[PDB]
Amino acid sequence: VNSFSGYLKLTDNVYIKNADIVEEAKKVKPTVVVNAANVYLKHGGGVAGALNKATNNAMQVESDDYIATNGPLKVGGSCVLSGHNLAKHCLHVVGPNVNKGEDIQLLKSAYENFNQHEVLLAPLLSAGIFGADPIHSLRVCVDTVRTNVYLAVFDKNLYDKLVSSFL
Ligand SMILES: C[C@@H](O)[C@H]1CCCN1c1ncnc2[nH]ccc12
Ligand SMILES: [Cl-]
């Protein structure tokens, strides 16, 4: 039993809700919140910009130190940093950016990072400003993640479409 509430169940291990991930995180304070990061951990907009803003820029300060020490992430890769006031940990995951010509096959590699954590609150990856089709992102998620994932979908119309077309 966990404290996530109001989710539709898609499969044994994937749950979905029309919600702002920032609000879900503040309410639930999960062990892991996933950020839709870029390789530079520059949290400018979308999920990352909103999460960082909710931390009063502490996420960005921590991230800049991470990059100064370690260099950029790989597309498809991840790192575990603090969750600040939103969660115990933040798993920063880089999906491919289709607007940059990055290989959509890397979306599966991105989702594989979720399997290192028993339970996560997450957005769909590579959608939003990253350019990919959220319907495809959901199928990759369901077919790749085996741990328990609670997906927060910001837009109501998209949420309704993802549920209605789910095979
Ligand atoms: C797929 C879509 O859901 C992702 C990509 C674009 C924004 N977005 C978000 N999802 C969940 N919570 C959010 N809070 C703020 C933004 C946001
Ligand atoms: Cl985004």
Side-chain angles (χ1 to χ4, degrees), residues 13-16 19-25 30-155 158-159 162:
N13 67 297
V14 180
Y15 295 83
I16 192 166
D20 186 337
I21 199 175
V22 178
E23 293 306 316
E24 281 297 294
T31 305
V32 180
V33 67
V34 174
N35 181 32
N38 58 60
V39 295
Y40 306 111
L41 301 181
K42 283 304 184 218
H43 307 305
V47 169
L51 286 172
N52 175 59
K53 178 176 175 182
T55 75
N56 187 40
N57 212 50
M59 178 179 284
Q60 192 63 67
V61 171
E62 178 194 31
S63 292
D64 287 352
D65 170 82
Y66 172 93
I67 296 286
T69 297
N70 300 108
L73 295 180
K74 295 168 180 184
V75 180
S78 70
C79 67
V80 180
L81 291 172
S82 180
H84 301 276
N85 53 317
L86 303 179
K88 186 163 190 289
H89 308 284
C90 179
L91 181 69
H92 296 271
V93 181
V94 183
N97 184 328
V98 181
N99 303 319
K100 298 172 184 153
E102 296 170 356
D103 183 6
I104 192 63
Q105 295 305 313
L106 290 168
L107 186 54
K108 190 173 183 72
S109 304
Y111 275 119
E112 287 170 343
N113 294 286
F114 290 24
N115 290 321
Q116 301 294 318
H117 304 276
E118 287 198 334
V119 183
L120 314 87
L121 170 64
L124 290 168
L125 294 175
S126 292
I129 65 181
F130 282 60
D133 183 353
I135 303 172
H136 173 69
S137 183
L138 178 58
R139 185 61 57 189
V140 180
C141 180
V142 162
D143 291 344
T144 305
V145 180
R146 299 177 299 284
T147 55
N148 290 327
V149 57
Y150 288 83
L151 294 167
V153 179
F154 187 76
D155 181 57
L158 172 60
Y159 169 84
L162 291 165

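Count residues from 1 along the sequence. Both backbone and side-chain heavy atoms feed into the values below; hydrogens, waters and symmetry mates do not.
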message: Do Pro123 and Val34 have side chains that approach each other closer than 4.5 Å (heavy atoms only, starting at C-beta)?
response: yes
task: Could you note down all residue pairs passing ring-ring contact (aromatic ring centres under 6.0 Å, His included) where residues 85-106 supplies at least one of them, sequence neighbours left out?
output: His43-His92
query: Is it true that a side-chain atom of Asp155 and a backbone atom of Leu158 form a donor plus acceptor pair closer than 3.5 Å?
result: yes
- request: Give a yes or no on whether the backbone of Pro96 and the side-chain of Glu102 come within a donor-acceptor separation of less than 3.5 Å.
  value: no
message: What I'd like to find out is whether the side chain of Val32 reaches to under 4.5 Å of the side chain of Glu118, using heavy atoms alone.
response: no
message: Taking the side chain as everything from C-beta on, heavy atoms only, tell me whether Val33 gets closer than 4.5 Å to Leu91.
response: no
message: Does any part of the side chain of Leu107, heavy atoms only, come nearer than 4.5 Å to the side chain of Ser137, both counted from C-beta?
response: yes
task: Would you check if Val149 and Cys141 make a side-chain contact, meaning some heavy-atom pair closer than 4.5 Å?
output: yes
task: Would you tell me whether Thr144 and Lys108 have side-chain atoms, one donor and one acceptor, within less than 3.5 Å of each other?
output: yes
field: side chain to side chain contact (heavy atoms under 4.5 Å, CB included), paired with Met59, selected from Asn85, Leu81, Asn52
entry: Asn52
message: Any heavy-atom pair between the side chains of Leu124 and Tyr111 that's under 4.5 Å?
response: yes
message: Could you check whether any side-chain N or O of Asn13 sits under 3.5 Å from a backbone N or O of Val145, counting only pairs where one atom can act as donor and the other as acceptor?
response: yes
- prompt: Does the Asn56 side chain pair with the main chain of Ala58, one donor and one acceptor, at a distance under 3.5 Å?
  reply: no
- request: Determine whether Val153 and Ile16 make a side-chain contact, defined as any pair of heavy atoms from C-beta on separated by less than 4.5 Å.
  value: yes
- request: Kindly indicate whether the side chain of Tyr150, heavy atoms from C-beta on, has any atom under 4.5 Å from the side chain of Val119.
  value: yes
message: As a test of understanding, state which of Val93, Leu41, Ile67 forms a side chain to side chain contact (heavy atoms under 4.5 Å, CB included) with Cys79.
response: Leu41
message: Quick check against the 3.5 Å criterion: does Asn113 have a side-chain atom that pairs as donor or acceptor with the backbone of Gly76?
response: yes
